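Chemist: The structure is given below, and queries will be raised subsequently.
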Amino acid sequence: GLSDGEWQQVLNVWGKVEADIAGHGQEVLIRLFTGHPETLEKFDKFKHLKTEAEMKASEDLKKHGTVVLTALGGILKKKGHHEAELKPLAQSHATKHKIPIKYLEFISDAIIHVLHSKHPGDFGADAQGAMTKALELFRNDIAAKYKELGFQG
Ligand code: HEM
Ligand SMILES: [O-][O-]
């Protein structure tokens, strides 16, 4: 798990995100879709986005980025005590959305990239270590639910 000090770093970084949730959320999804175009195919409602300019111009993409980062923020504020919040997310992403755990790795990497990109020189080595640990915990607990369900892809 994470130490008290590590959770404090995580939630400090998260304050940066909360100042512009939609902007951060938009940039995370664009990083995901452009780096890994197969992920776009999981979203019927974003498949029409053929260029990054179209992605940037999509107000619905920003809306979805808000939904995604709001959910993640709720989970992070539980400091690992997130069974009730995480279980339904794991089950919807396995059973309904069919999202392999690989894609959660991709979006975790995207969050780290966007933090550096939006906050260059203000996302320190300790903060990166703590945020990475929190995202691995999130991913690892989803993975346990995926194994229960026998889900791979
Ligand atoms: C930080 C990780 C993620 C979080 C917190 C998250 C959260 C959410 C939430 C709250 C919803 C709406 C409620 C629901 O259907 O459960 C949702 C929907 C969805 N998610 Fe995620 N998600 C994450 C990662 C991903 C990834 C990596 C993909 C695909 C690569 C994905 C694909 C989808 C799709 C296809 C929907 C339905 C979209 C729609 O048509 O409205 N999610 N997600
Ligand atoms: O994408 O959630």
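First residue shown is number 1, and so on along the chain.
The way this entry was determined, per its header, is X-ray crystallography, 1.5 Å.
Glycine residues also receive a Cβ, built from the backbone N, Cα and C atoms like all the rest.
Among the features that Swiss-Prot reports, domain 'Globin' is placed at 1-147. The phosphoserine annotation in Swiss-Prot covers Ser3 and is backed by similarity to another entry. Annotated nitrite binding site per Swiss-Prot: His64, in sequence order. The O2 binding site annotation in Swiss-Prot covers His64 and rests on similarity to another entry. Look at Swiss-Prot and you will find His93 tagged as heme b binding site.
Can you tell me where each of these features sits in this structure?
Modeler: DSSP assigns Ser3 (phosphoserine) to coil in the three-state reduction, placing it in neither a helix nor a strand.
In sequence order, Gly25, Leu29, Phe46 make up the list of same-chain residues 6 or more apart from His64 (nitrite binding site) whose Cβ falls under 8 Å from its Cβ. DSSP classifies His64 (nitrite binding site) as helix under the three-state reduction.
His93 (heme b binding site) carries a helical DSSP state (H, G or I). For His93 (heme b binding site), the Cβ neighbour count at a 10 Å cut-off comes to 20, with all displayed protein chains included.
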